[PDB]
């Protein structure tokens, strides 16, 4: 009945309005520490991030879940710093993303399980800060290594009650194989969110997962490259569908009986080193609201379309709490 944050455990009520897939900095292990000038400076990155969280907070956001893993450039100390400065809860992640180093790629499923358990039960690095979620990733059919990561995440979840959240290629219908591997590990679908699921309009894929009891992460709502057509990065990054097209999936799933399975987010960041050098400026030009995009634009959008207050509050408050609070079922 307690969710771990970068400032300690909080109760369920304290979580409140939660964004379930966000980042402070999108990068690689040690990159921020080794080359902060890439982000202007570590101080500039911090100030940017604090200003963003304060705006999100003014918009009603109380908690975010930072789903940056070790190899995804998680700097937990930075997460801790910005959290106290903005008074926004940040839940830190363990697991692995799509770019694990050789030191991880050579590990067994038993060692991977030990490491995830470390970051959950013991602490991240030497900070004593505990991960509150496990993040895994595939882009298309799982590699032999990604099979181990997924099995290991399932095992860490089953041992702690901490949930698993995923990065997918929705077009490749990644969730159907992620689901198959998790259920073979005996992991409850109620402990899993299949993310990036808003990247496609394939509703039959989404309700199949939602029917099994998975959580559906519609977590890139503001992502759109419309207007920035010839920008290579922004197109592979954000695709061609409008934000209103991504947000309609929320109503569509509400209308098929699955509002209790919907988690919503921006997948926003304040630093991003994994594309063209200036990808953060380009994303900022697309979404000047940042993390406040969900509460300022998406929530009113759905209200205008007839979705009651009661249902919206359930998606952004009740759903993340049920999901994040440690349990096996």
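Positions refer to the first chain, counted from 1.
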300-308 set against 263-271, stretch whose average Cα temperature factor tops the other in the entry:
300-308
Which is higher on average in the deposited entry, the C-alpha temperature factors of 111-119 or of 197-205?
197-205
From the list 166, 231, 157, 220, select the residue with the highest C-alpha B factor recorded in the entry.
231
Give the position of residue 13 by CA B-factor within its chain, expressed as the lowest, middle or highest third.
highest
Ranked C-alpha temperature factor of residue 74 among modelled chain residues, by third:
lowest
Taking the chain's C-alpha temperature factors as the reference, tell me which third residue 133 falls into: lowest, middle or highest.
lowest
CA B-factor placement of residue 46, once the chain's modelled residues are sorted into thirds
lowest
Relative C-alpha B-factor of residue 89, binned into the chain's lowest, middle or highest third
lowest
